[PDB]
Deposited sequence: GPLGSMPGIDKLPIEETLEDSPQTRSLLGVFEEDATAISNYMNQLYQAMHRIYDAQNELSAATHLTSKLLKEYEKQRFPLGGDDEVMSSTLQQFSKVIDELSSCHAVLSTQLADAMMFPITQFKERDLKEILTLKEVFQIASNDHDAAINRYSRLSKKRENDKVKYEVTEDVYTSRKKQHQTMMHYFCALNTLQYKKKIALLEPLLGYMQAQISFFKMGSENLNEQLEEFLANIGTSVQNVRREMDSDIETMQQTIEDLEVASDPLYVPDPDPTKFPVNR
């Protein structure tokens, strides 16, 4: 990449690609952010539900059954809370930093280059203006010098910008794969830990509660017939 024409040409392609990269990563940032918010809210609601079950007693066999449910639910809420903090740290942080630091840096340097470029166009236009007239040896030297200094400035800001565009090609891949790896690793711990808490003893408990429920339903139907009898007698 020997000269300015070629580099400027390649800069345009890197810039168009950086625009597509920004559009896709912003969409990914938004989707992941919805996952993060939902998992955070799900942890809080699951912990609130376990908290409420404990508060039942603050109005006894039911009390105790609710305590066991509350204990299992609190274990699952811990899984959800650890997953939330790992999603924030290993998934949200990387995609957020790519958007807030890298993509912003690209726009900033693009603008610094735009201004240095406007400044050089002004010097070239002023050179054209002063070329059309008989004038000072001094202003001639100055207008020429301004072309050189404004072009050097334009070139330097262009390369600062092109270097970041080139590095963006790498950050793009890292910022795509890092949050996905972080997300997946956190899910593996969450499903494994949760799944172990949900054992065969817990299933025995659930089967028995199921039976307790069917029994209450039967007793209800039977006591409704007594109460209807009691109503007729009182009438």
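In this chain the deposited sequence has gaps in the coordinates at 1 to 17, 77 to 84, 261 to 280, listed in sequence order.
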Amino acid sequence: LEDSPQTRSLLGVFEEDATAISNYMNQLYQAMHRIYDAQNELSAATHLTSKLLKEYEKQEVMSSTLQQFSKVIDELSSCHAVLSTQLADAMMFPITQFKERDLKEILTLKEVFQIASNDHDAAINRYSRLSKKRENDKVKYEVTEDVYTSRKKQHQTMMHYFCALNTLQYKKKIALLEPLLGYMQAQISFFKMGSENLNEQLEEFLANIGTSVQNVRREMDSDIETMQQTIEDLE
From here on, numbers count along this sequence of modelled residues.
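Across the two stretches, 65 to 73 and 35 to 43, the PDB entry reports the greater mean Cα temperature factor for 65 to 73. Stretch comparison (225 to 233 versus 4 to 12) by mean CA B-factor in the PDB entry places 225 to 233 on top. Across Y170, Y29, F190, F205, the greatest Cα temperature factor reported in the deposited entry is at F205. Of the candidates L198, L48, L180, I174, the deposited coordinates give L198 the top C-alpha B factor. Ranked against the other modelled residues of its chain, the C-alpha B-factor of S84 as given in the entry falls in the lowest third.
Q185: CA B factor lies in the lowest third for its chain, per the PDB record. Sorting the modelled residues of the chain by their CA temperature factor places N118 in the middle third.
Annotation for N136: C-alpha temperature factor in the highest third relative to the rest of the modelled chain, per the entry. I95: CA B factor in the lowest third of modelled residues in this chain (values from the PDB entry).
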